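Written out below as structure tokens is the structure these notes cover.
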Amino acid sequence: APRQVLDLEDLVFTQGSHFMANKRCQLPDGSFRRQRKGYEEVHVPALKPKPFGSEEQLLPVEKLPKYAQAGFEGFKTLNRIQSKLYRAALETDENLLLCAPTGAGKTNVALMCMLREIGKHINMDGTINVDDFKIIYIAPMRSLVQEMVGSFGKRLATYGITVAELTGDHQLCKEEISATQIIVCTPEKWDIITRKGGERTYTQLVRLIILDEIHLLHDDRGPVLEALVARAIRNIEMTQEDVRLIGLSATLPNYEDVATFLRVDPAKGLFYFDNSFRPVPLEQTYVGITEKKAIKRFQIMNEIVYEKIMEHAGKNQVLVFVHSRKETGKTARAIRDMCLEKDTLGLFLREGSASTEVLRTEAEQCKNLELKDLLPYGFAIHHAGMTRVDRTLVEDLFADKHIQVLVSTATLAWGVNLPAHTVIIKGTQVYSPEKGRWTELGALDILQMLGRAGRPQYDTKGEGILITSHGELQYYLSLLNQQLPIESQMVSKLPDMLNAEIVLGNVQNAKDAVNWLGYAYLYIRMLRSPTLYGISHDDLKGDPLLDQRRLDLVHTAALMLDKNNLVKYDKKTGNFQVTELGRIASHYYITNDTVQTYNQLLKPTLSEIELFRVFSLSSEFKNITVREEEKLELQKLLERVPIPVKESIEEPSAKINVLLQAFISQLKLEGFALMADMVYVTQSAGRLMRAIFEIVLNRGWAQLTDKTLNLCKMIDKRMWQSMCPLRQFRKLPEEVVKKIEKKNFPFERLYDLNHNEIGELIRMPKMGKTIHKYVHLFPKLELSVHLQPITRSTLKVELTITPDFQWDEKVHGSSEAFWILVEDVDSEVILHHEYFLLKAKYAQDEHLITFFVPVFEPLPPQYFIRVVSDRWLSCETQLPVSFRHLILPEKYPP
Amino acid sequence: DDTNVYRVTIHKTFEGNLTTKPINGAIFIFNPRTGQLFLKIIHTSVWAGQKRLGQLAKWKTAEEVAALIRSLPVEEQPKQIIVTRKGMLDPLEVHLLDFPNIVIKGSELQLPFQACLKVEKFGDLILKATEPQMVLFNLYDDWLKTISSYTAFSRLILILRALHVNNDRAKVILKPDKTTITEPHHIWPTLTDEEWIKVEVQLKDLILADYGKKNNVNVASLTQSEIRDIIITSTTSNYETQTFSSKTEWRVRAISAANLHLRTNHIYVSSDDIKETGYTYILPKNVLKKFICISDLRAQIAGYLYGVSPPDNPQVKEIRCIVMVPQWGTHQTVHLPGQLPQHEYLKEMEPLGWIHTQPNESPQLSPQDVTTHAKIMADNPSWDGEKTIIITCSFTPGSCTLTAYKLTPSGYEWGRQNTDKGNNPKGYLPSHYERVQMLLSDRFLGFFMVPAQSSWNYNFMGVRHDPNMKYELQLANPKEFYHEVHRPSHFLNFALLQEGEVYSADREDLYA
Amino acid sequence: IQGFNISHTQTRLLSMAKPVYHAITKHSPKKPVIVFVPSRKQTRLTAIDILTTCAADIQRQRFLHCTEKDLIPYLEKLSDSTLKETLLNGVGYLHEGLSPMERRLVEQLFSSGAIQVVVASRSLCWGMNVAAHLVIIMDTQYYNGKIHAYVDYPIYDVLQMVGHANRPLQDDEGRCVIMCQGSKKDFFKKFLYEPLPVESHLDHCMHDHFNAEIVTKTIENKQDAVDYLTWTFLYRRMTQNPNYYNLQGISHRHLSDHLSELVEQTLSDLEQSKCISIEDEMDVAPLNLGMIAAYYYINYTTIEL
């Protein structure tokens with residue numbers, strides 16, 4: 001029996017780690033499904049109060065050290081399991097994995113337990129810094145990560161830690177981040193810095209957020225969690241540095257694999273608790289509407305809204321957490337009409353006409369956003385799509401018991417943690433950017449919205465109702481209960497993980513890659529659940545030590561990636577040869593299909609119209625389709641676009657190309673999923689242009705690399721190539737930009753004019769200061785070259801480039817990089833490529849670019865040397881290297 | 001012309017029966033620009049057994065014509081094709097759906113193709129064909145080396161109308177006696193230009209005498225308009241259709257320029273009678289490939305040549321510099337400014353003439369290009385007439401072909417006297433062009449020039465181009481014609497709302 | 001030539017541990033290999049990298065051809081706790097503060113095979129009597145703490161590190177890892193097999209040699225100094241690099257006129273600073289700093305200061 005290599009698309013969960021590991025459900029003892037006319041009544045019994053545990057008391061701040069008490073103020077009482085596990089977390093280096101119900105605030109207890117453990121490892125002249133041992137970070141949401149960073153900053157401000165954002169680049173901000181305090185970072189950004197080589201020194205000393213969301217099955221962050229687990233396994237195997245993690249998660253089984261991955265004992269470290277131990281009593285219900293018709297569903301939604309208004313008709317505050325972006329504007333000004341449709345039932349939630357701080361809401365009427373029409377009405381508006389300061393100002397008013405009916409979006413519950421007395425999730429469907437269509441919401445948003453049912457301080461006992469579909473009732477039962485195991489998606493990202501291990505040196509041969517993949521969480525999931533991956537019991541009994549799992553491991557995926565021209569690795573010899581293209585694909589997180597399509601399609605002789613079609617032909621939009629209604633507007637969009645899209649046919653690739661052209665032209669998009677796909681394409685386009693520039697530098701195409709650098713600069717500037725050059729300075733008004741676009745004025749003749757001459761030329765004296773600021777903020781560098789020929793075949797070029805631009809901290813930043821590409825005489829061949837960067841501290845310093853230039857027997861009279869800025873657009877200079885007057889040395893005798 | 005598809009022989013002088021016999025059909029497709037005539041033969045065997053001939057035939061015309069048009073390169077496209085009898089167009093369009101950009105239109109006057117089908121060798125070979133086949137021929141014969149396509153088409157149309165009106169009169173006028181030999185390649189009978197002029201005057205007088213004798217009117221009393229015409233639908237004067245598009249029509253030009261790099265690997269050189277007295281033009285292949293890739297399929301591109309002669313070799317002229325001026329190109333010419341390129345780096349070099357592109361393949365110097373060369377030679381006292389030549393790089397179908405013309409002094413005087421810019425202007429002479437020695441150069445590498453503050457491809461912005469405008473030069477590579485820097489108007493055609501960027505303002509990226 | 005696409009020096013230093021173990025497993029299993037450190041500041045980092053590379057190998061003490069008991073006087077005489085720990089693990093360390101007896105002990109340990117890590121320079125020719133078997137300088141271009149930036153390695157030091165891959169004592173083959181650019185890997189591989197040219201630096205350092213030549217105190221001109229420069233390496237460098245010395249002629253009279261113009265320019269540059277005179281063209285003219293350097297045997301710049 002030979003080895004059974006299976007397809008990773010069907011056998012593994014591609015795009016994994018957020019969706020419903022459990023697939024089985026069961027009815028309770030005395031529950032009965034009473035199907036009524038249009039409304040199924042959920043028979044939810046009374047909840048069971050948690051009894052007092054044996055020797056389980058709250059730990060006060062008296063038994064804690066006073067040095068460790070700094071930074072932990074405001075938490076004088078902890079939970080029973082929290083105070084039971086905090087001593088073991090902060091007194092020992094052993095990892096802990098406990099299952100706590102949602103709403104206990106386990107993240108704030110785990111942060112204090114990490115801070116006490118970091119303060120316990122300190123000297124007399126040593127602070128509470130975690131530069132000797134530090135846990136790893138994992139974020140279920142970006143807004144949740146931002147809220148956790150804002151909480152950790154306020155926590156560490158009392159301890160004296162410098163709160164600094166890690167938003168600078170690795171090459172740009174390297175010396176400043178060396179002596180910096182605790183900061184937060186994205187998991188994908190950390191994986192990119194590890195694949196590029198920047199996170200290598202940041203390893204084992206990165207004081208960041210803690211991990212969470214251990215119900216990670218099938219939706220959101222499969223390859224990211226797989227790369228995190230692979231990096232942890234490669235660290236524990238090779239470096240052997242002891243670094244534990246403080247894991248806090250919901251009530252879910254199969255935590256033993258995550259405990260064994262974190263080297264936590266199942267006896268003393270693992271703990272599983274039921275859902276009845278929640279500190280906030282929430283009475284959930286599942287009213288599943290069986291109406292398949294949308295015309296009946298449009299009335300069933302209004303009936304469910306009326307039932308939710310009748311359930312909160314007393315002294316309470318309703319919070320509508322909608323997961324759709326259009327629902328934030330659709331729920332606005334509709335609740336008043338729904339209350340008026342029920343013969344004025346459910347309105348007047350205040351103590352009177354002007355009571356309950358109605359004059360404070362009446363005084364805040366003049367607003368820049370759409371709150372001017374909502375706040376005098378009986379509703380409100382709170383979304384990130386409207387504004388940033390307005391959502392915070394609405395949340396500050398809703399937290400002050402001044403707004404009882406507040407309709408908001410999912411970004412309000414995904415942001416700062418603000419619970420409510422009675423929340424209601426309506427619709428259970430959001431837009432999927434990866435799938436390109438409508439799909440169910442993530443488990444992280446449901447877990448965030450499940451903590452806002454009933455207030456611990458302002459309420460006694462709250463309730464909750466979820467009006468969803470009958471098909472999602474299994475996932476809703478598996479999320480509310482502790483029945484979802486752990487299942488990793490490492491086998492899907494196994495070619496990308498093998499490429500990241502071979503690029504970083506974590507896998508020496510195929511045997512080392514197989515031994516690294518045999519200790520992954522995917523092998524534990526295939527062992528603890530052989531029916532999920534398709535492994536028989538006899539085949540698992542024939543290989544007890546997972547030798548067949550190591551034979552069917554990522555080494556076969558490494559051979560498949562070598563068949564896809566990703567990395568030069570032979571299956572017979574086992575030795576691999578890494579290339580610059582595979583390293584760029586590992587640093588840019590490119591799949592094996594997209595890299596093969598870029599190797600087969602993209603040529604050095606490919607034009608911009610071919611490059612646009614190659615970028616639109618990516619495999620990321622394989623599940624997306626084309627809308628028939630947008631095809632009429634797509635013709636008018638391509639009619640005014642400088643890049644012709646008529647070379648393609650009626651296809652979703654042409655739709656993606658038109659969306660990329662509209663995002664380059666900064667135009668509004670009708671489709672929301674199309675806008676999300678265009679945003680993802682604009683995010684990946686920088687890495688795609690960098691990989692194309694690397695492939696052109698490896699091939700030697702000067703014009704193609706210059707076009708790719710110009711496209712990357714235009715994508716970074718968020719404007720088309722035909723746009724005005726003055727758009728790079730954002731301090732200038734848009735009317736001055738329109739006046740500069742109307743009047744034909746060269747930018748090369750604007751440097752000779754002063755601030756007084758510029759105001760009288762373009763007939764704009766008020767914009768003369770902004771024109772001078774844009775002239776001073778524009779990069780301008782003078783370059784001189786000293787060419788001394790040593791040999792006829794090799795010529796030494798000593799180029800001394802001196803930047804003559806005005807450096808500013810708010811304009812030029814900390815560093816300004818300009819890529820200098822020495823081309824041929826005909827500007828066809830790229831002989832060498834070097835990137836020089838002048839910092840703000842290195843102002844007025846002459847940069848010495850030393851590079852040896854090879855020559856041939858047809859010695860040209862003059863060559864071309866070009867230099868282009870990466871971030872700043874319209875910055876180019878040509879340096880003629882005249883070899884017509886030079887004298888070549890004599891040849892050497894043998 | 002589809003009128004020759006269905007035809008039959010009518011005979012029966014004696015024994016008054018007035019019968020007929022089936023004959024083989026034919027299809028007449030001719031291009032007045034190149035003088036080529038594509039003829040297709042139709043066997044009679046296909047006529048028997050097919051009912052509704054009228055419908056069948058009319059549909060069989062645009063069928064094979066679509067395959068013949070699709071079997072030719074894009075450079076040979078029919079471009080602005082027209083039919084004979086104002087009727088069929090539908091069929092044409094249908095068959096040529098594959099290429100709908102080709103316009104279809106009728107004809108103002110009927111073309112006498114029956115005279116072309118009535119020729120001795122043409123009628124005998126057409127009637128003796130036992131199988132359908134496609135044959136090609138050139139009606140201009142050797143007249144292309146003397147008179148342009150206007151005079152050749154006028155004389156050919158006069159001989160066609162004269163041969164169609166009267167076969168015996170034109171047959172006796174086309175045979176001086178028995179001294180004019182007839183080549184197998186030369187369609188018309190070999191005859192001096194003066195003999196063709198006298199035969200053309202006799203043919204015009206024969207056609208005018210035939211029309212005047214048929215209408216019973218004096219031909220000597222007719223006016224010029226009546227002689228030209230002899231040689232409610234009153235407000236529907238044609239239909240000027242859509243001109244450009246800058247959306248798909250410019251996209252076809254950009255895609256053809258995108259395939260110009262693939263067509264740059266095949267180049268041709270002009271081989272003609274070398275008088276062994278002029279210099280030998282040596283141009284680099286890199287600058288030629290750059291000019292072939294930077295040109296367009298509709299707009300004519302042009303440039304200025306600068307170079308020097310090698311030491312101890314006065315019979316060779318190596319071109320080592322190409323100068324580009326900001327200008328705009330037309331369909332038959334290029335609106336180039338009269339400003340001469342002057343720089344400090346060109347003070348040690350010398351101008352070697354000019355180098356222009358030609359979208360249409362013609363074996364002669366263009367009259368507008370000859371007038372531009374005469375105006376450049378007259379306005380520049382430093383530039384010599386014999387030292388400057390116009391290297392016309394014609395756009396070959398699926399290839400490239402470079403031609404070299406030299407200016408005769410009588411031809412230069414004829415071009416300076418020529419002021420009209422039409423397709424057949426006054427003062428144009430075929431003796432104004434002269435072949436010179438020209439070949440590629442691989443041992444010497446040339447350089448390309450660039451404007452100082454502007455670009456060289458200014459076709460998309462014609463309003464900023466002026467003949468009296470002054471501009472400087474620099475040593476750099478010019479951009480393409482369809483580049484984003486060369487066409488700011490195509491990128492500025494964007495009508496979108498600014499409130500669209502406010503929607504979906506989520507900045508979640510999680511990548512550094 | 002090992003092509004490294006990592007621009008960071010620390011990332012290139014850290015990423016070369018596992019390929020070093022792979023090359024030790026493939027090419028030379030039983031032959032010793034040494035690693036040179038660029039400076040004393042990266043010496044501890046290089047020792048930590050060598051320890052992490054020796055701990056990465058499952059087969060422990062696989063490159064040690066000698067017993068561990070011989071390194072006990074080498075570890076007992078060490079004051080730093082890190083150096084003794086590195087010598088006990090089979091790597092060892094070296095610094096600038098080594099005693100000459102400690103240098104002889106380190107040389108004996110390198111000849112026997114106790115210490116496999118010796119931080120040596122690449123410009124080492126004729127300045128100390130300390131024995132050594134093999135010297136392979138890897139990653140010569142490192143960041144300097146004095147300038148707080150990246151410093152470029154010299155081409156002569158890289159050529160010496162490429163040519164120093166030879167161990168005639170014990171090994172039968174030599175290896176040399178030249179850390180350069182990925183595009184310059186083939187250029188460095190071609191430039192190493194090809195013979196390297198030689199250029200004269202007498203045009204840059206021209207003041208000291210002309211001062212020591214004209215410091216003979218004979219006359220008040222520069223004719224003898226020009227005649228001494230004509231027989232020096234200036235006339236050789238005029239025919240070797242004519243574009244560097246601003247020479248536009250290759251014949252006898254053209255190069256003679258170019259040398260006369262260069263001598264006139266040098267005389268104008270010497271008389272502009274009032275350091276020499278020009279009178280009757282008899283012989284060379286002395287100076288203060290030149291006579292001080294000739295008599296007191298001191299530097300010219302220190303005498304001028």
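Here's how to read the names in the structure tokens: chain A, B, ... by the order shown, residue numbers from 1 in each chain, ligand numbers from 1 in the order shown.
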Hey, could you make a per-residue contact list for chain C against chain A with 6 Å as the cut-off, showing the nearest pair of atoms and its distance in Å to one decimal, counting only C-alpha atoms, sorted by chain and number, as JSON lines?
```
{"residue": "C:241", "atom": "CA", "partner": "A:889", "partner_atom": "CA", "distance": 5.9}
{"residue": "C:243", "atom": "CA", "partner": "A:887", "partner_atom": "CA", "distance": 5.4}
{"residue": "C:244", "atom": "CA", "partner": "A:788", "partner_atom": "CA", "distance": 5.3}
```
Can you write out the residues you just picked, keeping N, CA and C atoms, as a PDB file, in the first residue's frame?
```
ATOM      1  N   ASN C 241      46.180  54.219 -15.305  1.00  0.00           N
ATOM      2  CA  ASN C 241      44.857  54.832 -15.197  1.00  0.00           C
ATOM      3  C   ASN C 241      44.942  56.261 -15.717  1.00  0.00           C
ATOM      4  N   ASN C 243      42.478  58.120 -17.146  1.00  0.00           N
ATOM      5  CA  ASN C 243      41.308  58.919 -16.806  1.00  0.00           C
ATOM      6  C   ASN C 243      41.279  59.300 -15.333  1.00  0.00           C
ATOM      7  N   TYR C 244      41.951  58.536 -14.472  1.00  0.00           N
ATOM      8  CA  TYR C 244      42.008  58.886 -13.057  1.00  0.00           C
ATOM      9  C   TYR C 244      43.023  59.994 -12.801  1.00  0.00           C
TER      10      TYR C 244
END
```
Skip residue C:55 itself and residues of its chain fewer than 3 positions away, then list as an MDAnalysis selection string all residues within 12 Å of it, counting only C-alpha atoms.
(chainID A and resid 237:240) or (chainID C and resid 17:18 21 48:52 58:63 86 89:91)
Since we have the selection now, will you write its residues out, keeping N, CA and C atoms, as a PDB file, in the first residue's frame?
```pdb
ATOM      1  N   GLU A 237      11.632  23.586  19.707  1.00  0.00           N
ATOM      2  CA  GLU A 237      12.482  22.480  19.288  1.00  0.00           C
ATOM      3  C   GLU A 237      13.933  22.915  19.122  1.00  0.00           C
ATOM      4  N   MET A 238      14.168  24.063  18.487  1.00  0.00           N
ATOM      5  CA  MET A 238      15.534  24.477  18.186  1.00  0.00           C
ATOM      6  C   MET A 238      16.133  25.319  19.308  1.00  0.00           C
ATOM      7  N   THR A 239      15.496  26.444  19.643  1.00  0.00           N
ATOM      8  CA  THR A 239      16.074  27.372  20.605  1.00  0.00           C
ATOM      9  C   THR A 239      15.938  26.896  22.045  1.00  0.00           C
ATOM     10  N   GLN A 240      14.897  26.106  22.341  1.00  0.00           N
ATOM     11  CA  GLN A 240      14.592  25.534  23.654  1.00  0.00           C
ATOM     12  C   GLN A 240      14.427  26.595  24.738  1.00  0.00           C
TER      13      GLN A 240
ATOM     14  N   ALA C  17      23.808  30.215  10.342  1.00  0.00           N
ATOM     15  CA  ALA C  17      24.210  29.180  11.289  1.00  0.00           C
ATOM     16  C   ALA C  17      23.865  27.791  10.763  1.00  0.00           C
ATOM     17  N   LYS C  18      22.618  27.601  10.339  1.00  0.00           N
ATOM     18  CA  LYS C  18      22.197  26.304   9.803  1.00  0.00           C
ATOM     19  C   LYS C  18      22.812  25.952   8.445  1.00  0.00           C
ATOM     20  N   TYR C  21      26.214  24.530   9.366  1.00  0.00           N
ATOM     21  CA  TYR C  21      26.121  23.148   9.826  1.00  0.00           C
ATOM     22  C   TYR C  21      25.848  22.199   8.664  1.00  0.00           C
ATOM     23  N   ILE C  48      28.106  33.593  20.633  1.00  0.00           N
ATOM     24  CA  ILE C  48      26.765  33.089  20.925  1.00  0.00           C
ATOM     25  C   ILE C  48      26.186  32.388  19.701  1.00  0.00           C
ATOM     26  N   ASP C  49      26.486  32.910  18.508  1.00  0.00           N
ATOM     27  CA  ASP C  49      26.032  32.268  17.278  1.00  0.00           C
ATOM     28  C   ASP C  49      26.751  30.945  17.044  1.00  0.00           C
ATOM     29  N   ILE C  50      28.040  30.878  17.391  1.00  0.00           N
ATOM     30  CA  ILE C  50      28.790  29.631  17.259  1.00  0.00           C
ATOM     31  C   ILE C  50      28.290  28.598  18.263  1.00  0.00           C
ATOM     32  N   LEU C  51      27.925  29.047  19.469  1.00  0.00           N
ATOM     33  CA  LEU C  51      27.351  28.140  20.458  1.00  0.00           C
ATOM     34  C   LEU C  51      25.971  27.646  20.039  1.00  0.00           C
ATOM     35  N   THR C  52      25.150  28.520  19.449  1.00  0.00           N
ATOM     36  CA  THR C  52      23.838  28.111  18.965  1.00  0.00           C
ATOM     37  C   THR C  52      23.932  27.199  17.747  1.00  0.00           C
ATOM     38  N   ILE C  58      22.687  17.682  16.596  1.00  0.00           N
ATOM     39  CA  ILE C  58      22.342  16.621  17.538  1.00  0.00           C
ATOM     40  C   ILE C  58      23.586  15.821  17.902  1.00  0.00           C
ATOM     41  N   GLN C  59      24.453  15.584  16.919  1.00  0.00           N
ATOM     42  CA  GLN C  59      25.728  14.910  17.137  1.00  0.00           C
ATOM     43  C   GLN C  59      26.678  15.899  17.804  1.00  0.00           C
ATOM     44  N   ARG C  60      26.760  15.838  19.129  1.00  0.00           N
ATOM     45  CA  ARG C  60      27.582  16.752  19.909  1.00  0.00           C
ATOM     46  C   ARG C  60      29.043  16.326  19.845  1.00  0.00           C
ATOM     47  N   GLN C  61      29.933  17.324  19.838  1.00  0.00           N
ATOM     48  CA  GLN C  61      31.390  17.161  19.729  1.00  0.00           C
ATOM     49  C   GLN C  61      31.774  16.368  18.479  1.00  0.00           C
ATOM     50  N   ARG C  62      31.133  16.713  17.361  1.00  0.00           N
ATOM     51  CA  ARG C  62      31.414  16.047  16.096  1.00  0.00           C
ATOM     52  C   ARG C  62      32.541  16.714  15.319  1.00  0.00           C
ATOM     53  N   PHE C  63      32.820  17.987  15.588  1.00  0.00           N
ATOM     54  CA  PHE C  63      33.893  18.712  14.923  1.00  0.00           C
ATOM     55  C   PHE C  63      35.131  18.864  15.794  1.00  0.00           C
ATOM     56  N   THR C  86      32.323  29.367  26.852  1.00  0.00           N
ATOM     57  CA  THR C  86      32.462  29.094  25.426  1.00  0.00           C
ATOM     58  C   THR C  86      33.635  28.163  25.146  1.00  0.00           C
ATOM     59  N   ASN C  89      32.575  24.556  26.028  1.00  0.00           N
ATOM     60  CA  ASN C  89      31.659  23.976  25.055  1.00  0.00           C
ATOM     61  C   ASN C  89      32.350  23.567  23.761  1.00  0.00           C
ATOM     62  N   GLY C  90      33.622  23.910  23.591  1.00  0.00           N
ATOM     63  CA  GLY C  90      34.356  23.561  22.395  1.00  0.00           C
ATOM     64  C   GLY C  90      34.436  24.638  21.335  1.00  0.00           C
ATOM     65  N   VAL C  91      34.191  25.899  21.689  1.00  0.00           N
ATOM     66  CA  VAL C  91      34.224  26.988  20.720  1.00  0.00           C
ATOM     67  C   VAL C  91      35.394  27.914  21.028  1.00  0.00           C
TER      68      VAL C  91
END
```
Return as a ChimeraX atom specification the full set of residues in stretch 210-445 of chain B whose backbone-based DSSP assignment is helix (DSSP H, G or I).
/B:210-215,224-230,249-258,263-265,285-294,367-379,409-417,430-432
Would you kindly return, as a PyMOL selection string, each protein, DNA or RNA residue with an atom no farther than 12 Å from any atom of stretch 270-278 of chain B, considering only C-alpha atoms and excluding same-chain residues fewer than 3 positions away?
chain B and resi 267+281+313-317+363-364+386-389+391-394+400-407+434-440
Using only C-alpha atoms, which chain B residues lie at most 6 Å away from chain A, written as a ChimeraX atom specification?
/B:247,251,484,488,490-491,493-494,496,500-501,503-505,510-512
Using only C-alpha atoms, determine which residues lie at most 9 Å from stretch 332-349 of chain B, disregarding the query and same-chain residues fewer than 2 positions distant; provide the list as a ChimeraX atom specification.
/B:298-302,304,306-308,321,323-330,351,356,358-360,366,368-369,372,375-376,379-380,423,465-474
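With only C-alpha atoms taken into account, the protein and nucleic acid residues at most 12 Å from residue C:100 (excluding it and anything under 5 positions from it in its own chain) are residues 105, 106, 107, 128, 129, 130 and 131 of chain C.
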Saved selection, atoms kept: N, CA, C and O atoms, as a JSON list (two decimals), in the first residue's frame:
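Result file follows (part-v5.json):
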```json
[["chain", "number", "residue", "atom", "x", "y", "z"],
["C", 105, "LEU", "N", 49.14, 30.35, 24.20],
["C", 105, "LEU", "CA", 48.27, 29.26, 24.63],
["C", 105, "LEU", "C", 47.10, 29.08, 23.68],
["C", 105, "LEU", "O", 46.69, 27.95, 23.38],
["C", 106, "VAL", "N", 46.56, 30.19, 23.16],
["C", 106, "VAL", "CA", 45.46, 30.11, 22.19],
["C", 106, "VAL", "C", 45.97, 29.56, 20.86],
["C", 106, "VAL", "O", 45.26, 28.83, 20.16],
["C", 107, "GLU", "N", 47.22, 29.87, 20.51],
["C", 107, "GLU", "CA", 47.82, 29.32, 19.30],
["C", 107, "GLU", "C", 48.06, 27.82, 19.44],
["C", 107, "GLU", "O", 47.86, 27.06, 18.49],
["C", 128, "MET", "N", 53.26, 39.92, 14.03],
["C", 128, "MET", "CA", 53.29, 39.19, 15.29],
["C", 128, "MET", "C", 53.65, 37.73, 15.02],
["C", 128, "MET", "O", 53.29, 37.18, 13.97],
["C", 129, "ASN", "N", 54.38, 37.12, 15.95],
["C", 129, "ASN", "CA", 54.73, 35.71, 15.87],
["C", 129, "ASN", "C", 53.78, 34.81, 16.65],
["C", 129, "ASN", "O", 54.15, 34.31, 17.71],
["C", 130, "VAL", "N", 52.56, 34.60, 16.15],
["C", 130, "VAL", "CA", 51.58, 33.72, 16.78],
["C", 130, "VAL", "C", 51.11, 32.72, 15.73],
["C", 130, "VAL", "O", 50.66, 33.13, 14.65],
["C", 131, "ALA", "N", 51.18, 31.44, 16.05],
["C", 131, "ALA", "CA", 50.95, 30.39, 15.07],
["C", 131, "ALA", "C", 49.45, 30.19, 14.82],
["C", 131, "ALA", "O", 48.62, 30.35, 15.72]]
```
So that I can see what lies close to stretch 190-199 of chain B, please list as a PyMOL selection string the residues with an atom at most 12 Å from it, counting only C-alpha atoms and leaving out residues fewer than 4 positions away in the same chain.
chain B and resi 140-147+151-152+154-156+158-159+162+169-186+203-206
